[PDB]
């Protein structure tokens, strides 16, 4: 067996490492404009196998996004620390966000998805009923106008850029319905191919499965489009090791309950079948 989708990812890593352009004083190798397709049919789920992906973090982060939260403490208290570095006192101060409490990411993903256009005050404020709920509107359009070419969720509001700890990387999403199947395309302005991309593929494939479930559709495809696709120079050796590994079949993902609505999912609803990755890679310095 050969996992063509994962091999394609490894081939894109190889193209960046061997032929990418240096961009900086910390350095990357970079290319601009890539696209990959991941088949979600038969419940196959594109969780990469050549290096273990932090699946628990994928699930918890996505449920947190869906809830509309921008409070990284809520995620950290669930033992997922991936947003703690971008919401520390030191990082916030470095962005000039001196009045934000630690944990306040500003109006990032969850807020844009559920409350677009609402003025942001802080992560603890009530936003219920405020702003444009793009996530619910997309679900509505999938069900009411599946032919639509306008089923869009944006995370990009230039008016909010001064208020965010980090501008959203995964910033534009479109859904599509054909032949009883739901597909999703996500546009990512900036992608760390080594650490971010595998996690991000899983996040949006999971979102697609969740929405397909509550819209009574079968899963189609996840299409990942990238602007600046890059690898950090310090990671090149670890990625060279990873590229020598043989991808295994992807796992399957099952949803174990008839879930009521997009806000009703729980971590325990998701079963990953036969996920057998290689271990995470750590390369000691030698020079």
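Residue numbers count along the first chain shown, from 1.
Engineer: Please count the deposited residues lying between residue 274 and residue 275 that the model leaves without coordinates, and give the class: none, 1 to 3, 4 to 9, or 10 or more.
Structural biologist: The entry has no unmodelled residues between residue 274 and residue 275.
Engineer: Mean CA B-factor: is it higher for 251-259 or for 55-63?
Structural biologist: Between 55-63 and 251-259, it is 251-259 that shows the higher mean C-alpha B-factor.
Engineer: Out of 122-130 and 152-160, which stretch has the higher average CA B-factor listed in the record?
Structural biologist: The recorded data point to 122-130.
Engineer: I'd like to know which of 208, 188, 174, 74 has the highest C-alpha temperature factor in the PDB entry.
Structural biologist: Of 208, 188, 174, 74, 74 has the highest C-alpha B-factor.
Engineer: Between 41, 230, 240, 37, which one tops the list for Cα B-factor in this entry?
Structural biologist: Highest C-alpha B-factor among the listed options: 240.
Engineer: Of the three thirds of its chain by CA temperature factor, lowest, middle or highest, which one includes residue 224?
Structural biologist: Lowest third, going by the recorded CA B-factors of the chain.
Engineer: Splitting the chain's C-alpha B-factors into thirds, which one does residue 105 fall into?
Structural biologist: Within its chain, residue 105 is a lowest-third residue by C-alpha B-factor, going by the deposited values.
Engineer: Rank-wise, by C-alpha B-factor, drop residue 117 into the lowest, middle or highest third of its chain.
Structural biologist: Answer is highest: the recorded C-alpha B-factor places it there.
Engineer: Quick one: classify residue 94 as lowest, middle or highest third of the chain based on its Cα B-factor.
Structural biologist: For residue 94, the deposited C-alpha B-factor lands in the highest third.
Engineer: What third of the chain, by the recorded C-alpha B-factor, contains residue 81?
Structural biologist: Its C-alpha B-factor, which the entry lists for residue 81, ranks in the middle third among residues of this chain.
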